[PDB]
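Shown next as structure tokens: one chain only, the form deposited in one PDB entry.
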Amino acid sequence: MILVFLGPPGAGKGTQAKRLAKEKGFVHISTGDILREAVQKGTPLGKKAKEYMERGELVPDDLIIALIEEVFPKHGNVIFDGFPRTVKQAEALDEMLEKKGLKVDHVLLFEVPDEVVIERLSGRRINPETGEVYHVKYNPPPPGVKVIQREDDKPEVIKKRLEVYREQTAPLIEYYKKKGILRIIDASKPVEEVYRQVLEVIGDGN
């Protein structure tokens, strides 16, 4: 089974992908997490990606397609989390899967209003030692745990990331709807409720 999580930044895609991977055995491919690590390590991908990320722009398609080709697992169920983000990426994914006799099975659109994702992003915190994601209101970090704020979670960069989503990524909704594999998730609900709907749409009995 191959899943794609699609939606605005702050919709809760990473949170749901991590839980599904932990509980249901999926391989979690987060282009965001992989890119952030590349930046921290200063790899050729990282050094090139850094400035796009910092501006809230998408990293160029060529770099991302190569990344996915390199890391796509030979076996296992997969959650693509924040990939594809453009039509060219989606076309490349389809071709990569075809060559392996596979296909995208479900695309989940995390539907949620702007004011919700803006509060979620503004309040997002990360434990730099474990990578664990918190929210100052909805899931506070434990006392005594040092956390950081992502630079791209600043108000002006958030604005850009949302603009980019609406311009470049939202066209994937129709792309996948035409394939008959798009299902809509109410991502505005609490974490547990969203997770139950995720399981429902992918045909899991929970």
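Numbering starts at 1 and follows the sequence shown. Note that the rigid core is defined as the largest set of C-alphas that superpose within 1.5 Å between two forms.
Unshown form deposited in another entry; subsequent notes refer to it.
In the core-superposed comparison between the shown form and the other one, the C-alpha atom of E129 has shifted by at least 2 angstroms. After superposing the rigid core, the Cα of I118 is displaced by 2 Å or more between the shown form and the other one. Comparing the forms between the shown form and the other one, the C-alpha position of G42 differs by 2 angstroms or more, with the core used for superposition. The pair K99 and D62 is tighter in the other entry: their Cα-Cα distance falls by no less than 3 Å compared with this form.
Shown here is a form in which the CA atoms of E95 and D62 lie at least 3 Å farther apart than they do in the other entry.
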